There are 4 protein chains.
Amino acid sequence: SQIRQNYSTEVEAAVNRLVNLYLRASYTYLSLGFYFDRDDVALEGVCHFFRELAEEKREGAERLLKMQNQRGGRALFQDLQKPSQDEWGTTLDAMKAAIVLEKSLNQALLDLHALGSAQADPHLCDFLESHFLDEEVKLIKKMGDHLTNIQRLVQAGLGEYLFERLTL
Amino acid sequence: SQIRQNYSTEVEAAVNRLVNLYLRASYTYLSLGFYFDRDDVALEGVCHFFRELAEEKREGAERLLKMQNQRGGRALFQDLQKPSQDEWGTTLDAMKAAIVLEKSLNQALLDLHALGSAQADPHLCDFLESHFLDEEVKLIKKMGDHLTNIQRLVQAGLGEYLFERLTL
Amino acid sequence: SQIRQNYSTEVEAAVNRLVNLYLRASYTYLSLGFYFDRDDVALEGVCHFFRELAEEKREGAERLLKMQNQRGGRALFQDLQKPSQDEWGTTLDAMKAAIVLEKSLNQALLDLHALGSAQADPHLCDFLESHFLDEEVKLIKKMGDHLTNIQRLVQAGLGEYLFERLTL
Amino acid sequence: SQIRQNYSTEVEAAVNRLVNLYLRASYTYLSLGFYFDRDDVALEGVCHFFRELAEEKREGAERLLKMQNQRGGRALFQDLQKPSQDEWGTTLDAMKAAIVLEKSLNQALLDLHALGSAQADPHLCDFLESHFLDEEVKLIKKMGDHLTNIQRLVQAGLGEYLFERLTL
Ligand SMILES: CCc1cccc(CC)c1O
Ligand SMILES: CCc1cccc(CC)c1O
């Protein structure tokens, strides 16, 4: 590549893996969103919360792909595994599954930053710090806050309704 | 009729029956609306939800009558049977009765579409698809969502109040 | 399902398969878009054309999922197969691959409409006609027009540049 | 210096060298710009592209000098070597020379970031990441894209004209 400079094959490969993780997270949230739109679940604020996360994770993957090209790396796509569940249980179950998911993405970001640091690739390090690391910390904080309020509320049916109406 | 073309006596008669069904549905919802306005029931969001449905079903009947004339059919009116109940119980009872009602109207629409298909009357088929079939599916989806949230909420008095205040 | 009416298990299953086909088409176009953003390919109008198609096909899948829930069907997601190519060749190769893809989606839509017709499901028939069948015919017409102009232009390098600058 | 803190003599000296490299790059682009304004070359979009780069590299040097003073370092200026060529050949030759130049500046930035990291000078590391490293990666990506389109176009005279008219 005529433009490629200081960009290791190890980072290029890890960026392609992180793209797959973000697209898989987007797919998981798409499934979560539509589950809460079911007529027998019917929590529209929960549906909107997850649908908006599907969109954020998709945008995250496209920013990584744009960066891959900016550095002269080559995008390589793999299958997207279907989400781990077909039905997601209560808002509480779903928010616990969402935090598990986000912590895995954050750990993948931290591993990639560690690789870029070892490879002495400061553009990559800065890119992650600028667009991903702080967004994940803020999102995990918000989910943890939601989890705490959901738990304080669970008359489990009444608590689920009020959280969706008054917080989401 | 100088204008009548491809419009069978069977469809003309079924359209007149469907007009009666819609006017009867309007009347049912008028009764439901005023029941929830009773000082000893007093759920104003429920009253408004049903009153607005009375108006939609009346408009539905007038659109069918306009179509009957546009095709050269002849409107024939019958008695409107009084609604099946004088008192409608809880919001839950009422919303279950409303979904029963809407499913009967949807089944009458589907039967009429089947008749128009058999009679090779595409204007009729399109008319139903354009103005009625999707509106019924959306309305039944909304009622099913309401029923699910009402059920999750029923401290039955508190649940009824909160649904009327926070959803309707 | 309390709301489900006239919605066959065969249509429900075929809608879930069509969702997977649209998401796979979105993924293919995402790959096509980023290939044309490569520094050694560098045709930005081509990249934008495919990126915008990725977004349309994703929206198509979400409209199908919303309809599945509106009818009381249950969304079931499968793996998304990676796109069939890692590198897409010239604009001409890519536009030929895009038309192949769109014709497969159109054929899946026509098969689903045939199933809904056989199952006497007019809401489904109308839904496809309203949101999908005409959009596909218009898109295939546009791609065929692009293919004809690309072919008339291929001094193959000069022709590729001018098409991207003056048409896209 | 009353304000100097954690700022090593090695970084201070390297910043002064990087100022000289940026001013020399500005001078090179000034020469490139005016060459394309020659009546016997006459590619005004190329001239404007390089003139605007002369201005960016000059601004880059002034930002480094402002930072040198903010840290309590002392600016020391050296001769600016004249650009390496008096005539720059075709747009293609010139864009290849520009990418060579930018890669040398990027490598000097990466070396300075490595020095700041070794010296445990995070303000310097952040300063480079914030104002220089991403700008260079974006500029090198853009030049690589231009180089690819120039090459696809070279009827070498016609290709040069069309690139200047339709891209620049
Ligand atoms: C944002 C929803 C979504 C999920 C999974 C895969 C794709 C392909 C672009 C997608 O758009
Ligand atoms: C922006 C053009 C330019 C080139 C080289 C040197 C100087 C001195 C400021 C200059 O302004």
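Numbering starts at 1 and runs along the chain as it is shown here.
Backbone N, Cα and C atoms are what each Cβ position is placed from, and that goes for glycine too.
Taken straight from Swiss-Prot:
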type    : residues                                    : note
DOMAIN  : C:5-154                                     : domain 'Ferritin-like diiron'
BINDING : C:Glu52, C:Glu55, C:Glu56, C:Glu59, C:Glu62 : Fe cation binding site
REGION  : C:52-59                                     : region 'Catalytic site for iron oxidation'
Distant-in-sequence neighbours of the region 'Catalytic site for iron oxidation' (C:52-59), which means Cβ under 8 A and at least six residues beyond its ends: 22-23, 25-27, 29-30, 32-33, 98, 105, 135, 139
Residues in the domain 'Ferritin-like diiron' (C:5-154) grouped by DSSP into helix, strand and remaining coil: 114 helix, 1 strand, 35 coil
CB contacts for C:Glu52 (Fe cation binding site) [other CB atoms within 10 A, all chains]: 11
Cβ atoms near C:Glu59 (Fe cation binding site) (within 10 Å, other residues, all chains): 13
C:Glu55 (Fe cation binding site), number of other Cβ atoms within 10 Å: 15
Output field, Fe cation shell: CB within 8 Å of site CB centroid, site C:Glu52, C:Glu55, C:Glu56, C:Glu59, C:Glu62 dropped: C:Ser26, C:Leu53, C:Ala54, C:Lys57, C:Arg58, C:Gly60
Other CB atoms within 10 A, centred on C:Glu62 (Fe cation binding site): 17
Neighbour count (Cβ, 10 Å) for C:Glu56 (Fe cation binding site): 14
